[PDB]
>>> print(open('final_29.pdb').read())   # PDB, C-alpha atoms and all ligand atoms
ATOM      1  CA  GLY A   1       9.959  -2.293  22.794  1.00  0.00           C
ATOM      2  CA  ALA A   2       9.961   1.255  21.310  1.00  0.00           C
ATOM      3  CA  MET A   3       8.600   3.897  23.767  1.00  0.00           C
ATOM      4  CA  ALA A   4       5.978   5.036  21.187  1.00  0.00           C
ATOM      5  CA  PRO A   5       5.991   2.362  18.442  1.00  0.00           C
ATOM      6  CA  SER A   6       5.740   4.107  15.002  1.00  0.00           C
ATOM      7  CA  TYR A   7       5.722   3.446  11.270  1.00  0.00           C
ATOM      8  CA  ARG A   8       8.029   5.465   9.015  1.00  0.00           C
ATOM      9  CA  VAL A   9       9.026   5.248   5.328  1.00  0.00           C
ATOM     10  CA  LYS A  10      12.343   6.223   3.725  1.00  0.00           C
ATOM     11  CA  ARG A  11      13.396   6.208   0.074  1.00  0.00           C
ATOM     12  CA  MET A  12      16.933   4.797   0.143  1.00  0.00           C
ATOM     13  CA  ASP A  13      18.898   1.519   0.074  1.00  0.00           C
ATOM     14  CA  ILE A  14      17.733  -0.778   2.962  1.00  0.00           C
ATOM     15  CA  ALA A  15      21.456  -1.863   3.252  1.00  0.00           C
ATOM     16  CA  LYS A  16      22.042   1.663   4.762  1.00  0.00           C
ATOM     17  CA  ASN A  17      19.235   1.274   7.389  1.00  0.00           C
ATOM     18  CA  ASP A  18      19.463   2.756  10.922  1.00  0.00           C
ATOM     19  CA  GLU A  19      17.456  -0.063  12.557  1.00  0.00           C
ATOM     20  CA  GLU A  20      18.407  -2.972  14.885  1.00  0.00           C
ATOM     21  CA  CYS A  21      17.614  -5.653  12.223  1.00  0.00           C
ATOM     22  CA  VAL A  22      16.687  -5.944   8.537  1.00  0.00           C
ATOM     23  CA  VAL A  23      14.127  -7.971   6.621  1.00  0.00           C
ATOM     24  CA  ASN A  24      15.443  -9.374   3.342  1.00  0.00           C
ATOM     25  CA  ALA A  25      13.026  -9.833   0.412  1.00  0.00           C
ATOM     26  CA  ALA A  26      14.622 -13.308  -0.017  1.00  0.00           C
ATOM     27  CA  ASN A  27      14.242 -16.083  -2.569  1.00  0.00           C
ATOM     28  CA  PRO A  28      13.434 -19.565  -1.225  1.00  0.00           C
ATOM     29  CA  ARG A  29      16.959 -20.898  -2.066  1.00  0.00           C
ATOM     30  CA  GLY A  30      19.126 -18.413  -0.175  1.00  0.00           C
ATOM     31  CA  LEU A  31      20.663 -17.178  -3.497  1.00  0.00           C
ATOM     32  CA  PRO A  32      22.093 -13.645  -3.876  1.00  0.00           C
ATOM     33  CA  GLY A  33      19.134 -12.756  -6.122  1.00  0.00           C
ATOM     34  CA  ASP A  34      18.419  -9.205  -7.434  1.00  0.00           C
ATOM     35  CA  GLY A  35      17.060  -5.877  -6.064  1.00  0.00           C
ATOM     36  CA  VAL A  36      16.735  -5.757  -2.202  1.00  0.00           C
ATOM     37  CA  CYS A  37      18.127  -9.359  -1.949  1.00  0.00           C
ATOM     38  CA  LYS A  38      21.341  -8.423  -3.886  1.00  0.00           C
ATOM     39  CA  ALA A  39      21.912  -5.274  -1.724  1.00  0.00           C
ATOM     40  CA  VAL A  40      21.389  -7.458   1.402  1.00  0.00           C
ATOM     41  CA  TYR A  41      23.839 -10.084  -0.008  1.00  0.00           C
ATOM     42  CA  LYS A  42      26.531  -7.363  -0.610  1.00  0.00           C
ATOM     43  CA  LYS A  43      26.085  -5.896   2.921  1.00  0.00           C
ATOM     44  CA  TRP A  44      25.519  -9.075   5.011  1.00  0.00           C
ATOM     45  CA  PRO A  45      26.823 -12.049   2.919  1.00  0.00           C
ATOM     46  CA  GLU A  46      27.468 -14.121   6.127  1.00  0.00           C
ATOM     47  CA  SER A  47      23.662 -14.040   6.702  1.00  0.00           C
ATOM     48  CA  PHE A  48      23.088 -16.321   3.701  1.00  0.00           C
ATOM     49  CA  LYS A  49      24.536 -19.419   5.485  1.00  0.00           C
ATOM     50  CA  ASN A  50      21.559 -21.885   5.480  1.00  0.00           C
ATOM     51  CA  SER A  51      19.070 -19.037   4.772  1.00  0.00           C
ATOM     52  CA  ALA A  52      16.987 -21.148   2.265  1.00  0.00           C
ATOM     53  CA  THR A  53      13.339 -21.318   3.519  1.00  0.00           C
ATOM     54  CA  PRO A  54       9.976 -21.968   1.831  1.00  0.00           C
ATOM     55  CA  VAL A  55       7.557 -19.395   0.409  1.00  0.00           C
ATOM     56  CA  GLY A  56       5.450 -17.748   3.136  1.00  0.00           C
ATOM     57  CA  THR A  57       8.142 -18.168   5.872  1.00  0.00           C
ATOM     58  CA  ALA A  58      10.949 -16.174   7.484  1.00  0.00           C
ATOM     59  CA  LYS A  59      14.309 -17.498   8.628  1.00  0.00           C
ATOM     60  CA  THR A  60      16.694 -15.311  10.653  1.00  0.00           C
ATOM     61  CA  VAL A  61      20.484 -15.645  10.279  1.00  0.00           C
ATOM     62  CA  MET A  62      22.943 -13.466  12.243  1.00  0.00           C
ATOM     63  CA  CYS A  63      25.632 -11.380  10.493  1.00  0.00           C
ATOM     64  CA  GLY A  64      27.866 -10.840  13.557  1.00  0.00           C
ATOM     65  CA  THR A  65      25.142  -9.839  16.081  1.00  0.00           C
ATOM     66  CA  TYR A  66      23.029  -8.057  13.371  1.00  0.00           C
ATOM     67  CA  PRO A  67      19.836 -10.123  12.628  1.00  0.00           C
ATOM     68  CA  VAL A  68      18.919 -10.623   8.937  1.00  0.00           C
ATOM     69  CA  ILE A  69      15.302 -11.959   8.701  1.00  0.00           C
ATOM     70  CA  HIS A  70      14.979 -13.721   5.276  1.00  0.00           C
ATOM     71  CA  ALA A  71      11.277 -13.327   4.365  1.00  0.00           C
ATOM     72  CA  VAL A  72      10.120 -15.237   1.242  1.00  0.00           C
ATOM     73  CA  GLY A  73       7.159 -13.590  -0.477  1.00  0.00           C
ATOM     74  CA  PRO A  74       5.432 -15.437  -3.342  1.00  0.00           C
ATOM     75  CA  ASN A  75       6.367 -14.804  -6.991  1.00  0.00           C
ATOM     76  CA  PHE A  76       2.964 -13.771  -8.463  1.00  0.00           C
ATOM     77  CA  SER A  77       4.268 -15.110 -11.836  1.00  0.00           C
ATOM     78  CA  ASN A  78       4.150 -18.685 -10.387  1.00  0.00           C
ATOM     79  CA  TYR A  79       1.200 -18.191  -7.935  1.00  0.00           C
ATOM     80  CA  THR A  80      -2.531 -17.476  -8.552  1.00  0.00           C
ATOM     81  CA  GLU A  81      -3.787 -14.130  -7.101  1.00  0.00           C
ATOM     82  CA  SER A  82      -5.601 -16.044  -4.295  1.00  0.00           C
ATOM     83  CA  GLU A  83      -2.743 -18.353  -3.218  1.00  0.00           C
ATOM     84  CA  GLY A  84      -0.156 -15.562  -3.634  1.00  0.00           C
ATOM     85  CA  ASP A  85      -2.233 -13.292  -1.401  1.00  0.00           C
ATOM     86  CA  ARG A  86      -2.304 -16.038   1.325  1.00  0.00           C
ATOM     87  CA  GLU A  87       1.504 -16.637   1.134  1.00  0.00           C
ATOM     88  CA  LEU A  88       2.291 -12.880   1.128  1.00  0.00           C
ATOM     89  CA  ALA A  89       0.124 -12.390   4.286  1.00  0.00           C
ATOM     90  CA  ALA A  90       1.854 -15.453   5.843  1.00  0.00           C
ATOM     91  CA  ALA A  91       5.451 -14.214   5.093  1.00  0.00           C
ATOM     92  CA  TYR A  92       4.664 -10.998   7.019  1.00  0.00           C
ATOM     93  CA  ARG A  93       3.109 -12.918  10.005  1.00  0.00           C
ATOM     94  CA  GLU A  94       6.423 -14.927  10.241  1.00  0.00           C
ATOM     95  CA  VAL A  95       8.418 -11.616  10.122  1.00  0.00           C
ATOM     96  CA  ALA A  96       6.344 -10.348  13.087  1.00  0.00           C
ATOM     97  CA  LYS A  97       7.142 -13.587  15.071  1.00  0.00           C
ATOM     98  CA  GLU A  98      10.895 -13.129  14.360  1.00  0.00           C
ATOM     99  CA  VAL A  99      10.993  -9.389  15.245  1.00  0.00           C
ATOM    100  CA  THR A 100       9.190 -10.250  18.517  1.00  0.00           C
ATOM    101  CA  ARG A 101      11.502 -13.243  19.267  1.00  0.00           C
ATOM    102  CA  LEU A 102      14.678 -11.170  18.618  1.00  0.00           C
ATOM    103  CA  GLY A 103      13.517  -8.480  21.145  1.00  0.00           C
ATOM    104  CA  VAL A 104      14.624  -5.648  18.770  1.00  0.00           C
ATOM    105  CA  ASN A 105      13.290  -2.101  19.256  1.00  0.00           C
ATOM    106  CA  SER A 106      13.331  -1.373  15.477  1.00  0.00           C
ATOM    107  CA  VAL A 107      13.263  -3.192  12.071  1.00  0.00           C
ATOM    108  CA  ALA A 108      13.993  -2.076   8.431  1.00  0.00           C
ATOM    109  CA  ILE A 109      11.406  -3.780   6.119  1.00  0.00           C
ATOM    110  CA  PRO A 110      10.884  -3.745   2.316  1.00  0.00           C
ATOM    111  CA  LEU A 111       7.464  -4.302   0.649  1.00  0.00           C
ATOM    112  CA  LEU A 112       7.525  -8.034  -0.137  1.00  0.00           C
ATOM    113  CA  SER A 113       6.474  -9.223  -3.613  1.00  0.00           C
ATOM    114  CA  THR A 114       6.375  -5.618  -5.106  1.00  0.00           C
ATOM    115  CA  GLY A 115       9.506  -5.918  -7.349  1.00  0.00           C
ATOM    116  CA  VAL A 116      10.453  -8.878  -9.624  1.00  0.00           C
ATOM    117  CA  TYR A 117       7.939 -11.126  -7.697  1.00  0.00           C
ATOM    118  CA  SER A 118       4.969  -8.736  -8.410  1.00  0.00           C
ATOM    119  CA  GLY A 119       3.891 -10.622 -11.596  1.00  0.00           C
ATOM    120  CA  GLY A 120       4.012  -7.208 -13.386  1.00  0.00           C
ATOM    121  CA  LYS A 121       1.326  -5.670 -11.062  1.00  0.00           C
ATOM    122  CA  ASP A 122       1.303  -2.685  -8.650  1.00  0.00           C
ATOM    123  CA  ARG A 123       1.043  -4.400  -5.233  1.00  0.00           C
ATOM    124  CA  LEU A 124       1.988  -1.395  -2.964  1.00  0.00           C
ATOM    125  CA  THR A 125      -1.439  -1.412  -1.210  1.00  0.00           C
ATOM    126  CA  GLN A 126      -1.742  -5.239  -1.039  1.00  0.00           C
ATOM    127  CA  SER A 127       1.807  -5.727   0.357  1.00  0.00           C
ATOM    128  CA  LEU A 128       1.647  -2.692   2.742  1.00  0.00           C
ATOM    129  CA  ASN A 129      -1.756  -3.795   4.179  1.00  0.00           C
ATOM    130  CA  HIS A 130      -0.356  -7.301   4.892  1.00  0.00           C
ATOM    131  CA  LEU A 131       2.686  -5.620   6.504  1.00  0.00           C
ATOM    132  CA  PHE A 132       0.351  -3.564   8.778  1.00  0.00           C
ATOM    133  CA  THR A 133      -1.840  -6.630   9.618  1.00  0.00           C
ATOM    134  CA  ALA A 134       1.301  -8.502  10.846  1.00  0.00           C
ATOM    135  CA  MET A 135       3.296  -5.703  12.503  1.00  0.00           C
ATOM    136  CA  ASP A 136       0.470  -3.685  14.187  1.00  0.00           C
ATOM    137  CA  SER A 137       0.586  -5.944  17.291  1.00  0.00           C
ATOM    138  CA  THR A 138       4.436  -5.602  17.594  1.00  0.00           C
ATOM    139  CA  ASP A 139       6.059  -2.720  19.590  1.00  0.00           C
ATOM    140  CA  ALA A 140       9.106  -2.370  17.303  1.00  0.00           C
ATOM    141  CA  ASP A 141       9.647   0.916  15.398  1.00  0.00           C
ATOM    142  CA  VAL A 142       9.020  -0.175  11.746  1.00  0.00           C
ATOM    143  CA  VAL A 143      10.892   1.695   8.980  1.00  0.00           C
ATOM    144  CA  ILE A 144       9.740   0.781   5.464  1.00  0.00           C
ATOM    145  CA  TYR A 145      12.414   1.215   2.715  1.00  0.00           C
ATOM    146  CA  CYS A 146      11.385   1.951  -0.931  1.00  0.00           C
ATOM    147  CA  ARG A 147      13.294   3.462  -3.933  1.00  0.00           C
ATOM    148  CA  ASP A 148      10.499   5.142  -6.020  1.00  0.00           C
ATOM    149  CA  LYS A 149       9.478   8.786  -5.153  1.00  0.00           C
ATOM    150  CA  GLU A 150       5.739   8.162  -5.913  1.00  0.00           C
ATOM    151  CA  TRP A 151       5.737   4.987  -3.710  1.00  0.00           C
ATOM    152  CA  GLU A 152       7.307   7.011  -0.818  1.00  0.00           C
ATOM    153  CA  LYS A 153       4.408   9.548  -1.059  1.00  0.00           C
ATOM    154  CA  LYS A 154       1.734   6.746  -1.215  1.00  0.00           C
ATOM    155  CA  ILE A 155       3.312   4.757   1.679  1.00  0.00           C
ATOM    156  CA  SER A 156       3.652   7.997   3.732  1.00  0.00           C
ATOM    157  CA  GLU A 157      -0.034   8.850   3.020  1.00  0.00           C
ATOM    158  CA  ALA A 158      -1.208   5.339   4.074  1.00  0.00           C
ATOM    159  CA  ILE A 159       0.802   5.590   7.331  1.00  0.00           C
ATOM    160  CA  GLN A 160      -0.520   9.146   8.092  1.00  0.00           C
ATOM    161  CA  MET A 161      -4.202   8.142   7.313  1.00  0.00           C
ATOM    162  CA  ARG A 162      -4.236   5.748  10.369  1.00  0.00           C
ATOM    163  CA  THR A 163      -2.561   8.322  12.788  1.00  0.00           C
TER     164      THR A 163
HETATM  165 CL    CL B 201      20.454   5.368  -1.209  1.00  0.00          CL
HETATM  166 CL    CL B 202       9.978  -8.691  -5.006  1.00  0.00          CL
HETATM  167 CL    CL B 203       9.769   1.162  -4.483  1.00  0.00          CL
END
>>> encode(input="final_29.pdb", output="structure tokens")
Amino acid sequence: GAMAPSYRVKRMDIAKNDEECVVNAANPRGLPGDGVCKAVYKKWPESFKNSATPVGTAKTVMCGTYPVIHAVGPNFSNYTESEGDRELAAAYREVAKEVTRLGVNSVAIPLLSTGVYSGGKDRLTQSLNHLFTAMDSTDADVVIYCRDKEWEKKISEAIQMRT
């Protein structure tokens, strides 16, 4: 575990993370996709061997010895608010099981279902709170990766409010 498990946020490409493993914002079919998933495909293409996995689950595939945890958040276009909420919470619970199983001391995570799967809605708070619910019981250092300057500030504020 980390000596003093923390949350941090950085505004940069998750493919340039400084952590012991990465969470992909995957699609259920293990396709290269767009956004985080396309950056992850360019950096760790070997990790997409048999990565397909249903909505609300996580499947880890090794790129060398570097673990890529494919986490499949719901597409809020296709899901109701209620069912989407349940699957988004579940995806993060499966990420917490994988991070624990791998025995890593740190993980790079994106906010699931906040990009092209958001159904056109701002889901920073919803996705972040499900991330916290899952990861709070883990002792990995969690580093959240975002690209928008205003999201960095809001994620930083939410982390600092609980410290
Ligand atoms: Cl960058
Ligand atoms: Cl997304
Ligand atoms: Cl962002």
>>> axis_aligned_box(input="final_29.pdb", around="range 152-163 of chain A", padding_each_side="3 Å", output="lines of an AutoDock Vina configuration file")
center_x = 1.5
center_y = 7.2
center_z = 5.8
size_x = 17.5
size_y = 10.8
size_z = 20.0
>>> closest_residue(input="final_29.pdb", among="A:13, A:34, A:19, A:81", to="residue 121 in chain A", atoms="only C-alpha atoms")
A:81
>>> resolve_selection(input="final_29.pdb", expression="the PyMOL selection byres (((chain A and resi 25-33) around 7) and not hetatm)", output="ChimeraX atom specification")
/A:23-24,34,36-38,41,48,51-55,70-72,110,112
>>> residues_near_ligand(input="final_29.pdb", ligand="ligand CL 202 (chain B)", cutoff="8 Å", atoms="only C-alpha atoms and all ligand atoms", output="PyMOL selection string")
chain A and resi 25+35-36+73+75+111-118
>>> residues_near_ligand(input="final_29.pdb", ligand="ligand CL 203 (chain B)", cutoff="6 Å", atoms="all atoms listed in the file", output="PyMOL selection string")
chain A and resi 146-148+151
>>> resolve_selection(input="final_29.pdb", expression="the PyMOL selection byres (((not hetatm)) within 10 of (chain B and resi 201))", output="list in words")
residues 10, 11, 12, 13, 14, 15, 16, 17, 145, 146 and 147 of chain A
>>> closest_atom_pairs(input="final_29.pdb", of="range 11-64 of chain A", to="range 82-100 of chain A", cutoff="8 Å", atoms="all atoms listed in the file", output="CSV")
residue,atom,partner,partner_atom,distance
A:23,CA,A:95,CA,7.6
A:55,CA,A:87,CA,6.7
A:56,CA,A:91,CA,4.0
A:57,CA,A:91,CA,4.8
A:58,CA,A:94,CA,5.4
A:59,CA,A:98,CA,8.0
A:60,CA,A:98,CA,7.2
>>> build_atoms(input="final_29.pdb", residues="range 137-157 of chain A", atoms="N, CA, C and O atoms", output="compact mmCIF listing (two decimals), in the frame of the given file")
# COMPACT_ATOMS: atom_id res chain seq x y z
N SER A 137 0.58 -5.41 15.92
CA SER A 137 0.59 -5.94 17.29
C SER A 137 2.01 -5.97 17.87
O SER A 137 2.16 -6.36 19.06
N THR A 138 3.05 -5.62 17.08
CA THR A 138 4.44 -5.60 17.59
C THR A 138 4.72 -4.21 18.14
O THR A 138 4.02 -3.24 17.70
N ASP A 139 5.71 -4.06 19.05
CA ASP A 139 6.06 -2.72 19.59
C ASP A 139 7.43 -2.28 19.08
O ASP A 139 7.96 -1.29 19.56
N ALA A 140 7.92 -2.90 18.00
CA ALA A 140 9.11 -2.37 17.30
C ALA A 140 8.77 -1.11 16.48
O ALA A 140 7.68 -1.06 15.84
N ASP A 141 9.67 -0.14 16.43
CA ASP A 141 9.65 0.92 15.40
C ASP A 141 9.87 0.26 14.03
O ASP A 141 10.86 -0.45 13.90
N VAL A 142 8.93 0.42 13.11
CA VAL A 142 9.02 -0.18 11.75
C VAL A 142 9.40 0.94 10.79
O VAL A 142 8.77 2.01 10.80
N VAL A 143 10.45 0.73 10.01
CA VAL A 143 10.89 1.70 8.98
C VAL A 143 10.90 0.98 7.64
O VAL A 143 11.59 0.01 7.49
N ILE A 144 9.99 1.40 6.78
CA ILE A 144 9.74 0.78 5.46
C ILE A 144 10.69 1.45 4.49
O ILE A 144 10.70 2.68 4.48
N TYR A 145 11.44 0.68 3.70
CA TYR A 145 12.41 1.22 2.72
C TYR A 145 11.84 0.98 1.31
O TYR A 145 11.36 -0.09 1.00
N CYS A 146 11.85 2.02 0.47
CA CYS A 146 11.38 1.95 -0.93
C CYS A 146 12.42 2.72 -1.76
O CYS A 146 13.33 3.32 -1.18
N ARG A 147 12.32 2.71 -3.09
CA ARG A 147 13.29 3.46 -3.93
C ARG A 147 12.58 4.47 -4.84
O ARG A 147 13.26 5.43 -5.29
N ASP A 148 11.28 4.30 -5.08
CA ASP A 148 10.50 5.14 -6.02
C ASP A 148 9.87 6.32 -5.26
O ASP A 148 9.25 6.08 -4.21
N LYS A 149 10.01 7.54 -5.78
CA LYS A 149 9.48 8.79 -5.15
C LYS A 149 7.95 8.72 -5.00
O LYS A 149 7.46 9.16 -3.94
N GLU A 150 7.23 8.21 -6.00
CA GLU A 150 5.74 8.16 -5.91
C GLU A 150 5.29 7.12 -4.87
O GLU A 150 4.39 7.42 -4.10
N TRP A 151 6.01 6.02 -4.75
CA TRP A 151 5.74 4.99 -3.71
C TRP A 151 5.98 5.57 -2.32
O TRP A 151 5.17 5.33 -1.43
N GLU A 152 7.04 6.35 -2.12
CA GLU A 152 7.31 7.01 -0.82
C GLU A 152 6.07 7.83 -0.42
O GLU A 152 5.67 7.73 0.71
N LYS A 153 5.58 8.68 -1.32
CA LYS A 153 4.41 9.55 -1.06
C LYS A 153 3.22 8.66 -0.66
O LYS A 153 2.65 8.90 0.40
N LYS A 154 2.91 7.62 -1.45
CA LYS A 154 1.73 6.75 -1.22
C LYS A 154 1.88 5.98 0.10
O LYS A 154 0.91 5.85 0.84
N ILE A 155 3.07 5.47 0.40
CA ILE A 155 3.31 4.76 1.68
C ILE A 155 3.18 5.76 2.83
O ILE A 155 2.54 5.41 3.85
N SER A 156 3.73 6.96 2.68
CA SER A 156 3.65 8.00 3.73
C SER A 156 2.19 8.33 3.99
O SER A 156 1.78 8.41 5.17
N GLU A 157 1.41 8.51 2.92
CA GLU A 157 -0.03 8.85 3.02
C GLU A 157 -0.75 7.75 3.80
O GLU A 157 -1.51 8.08 4.69
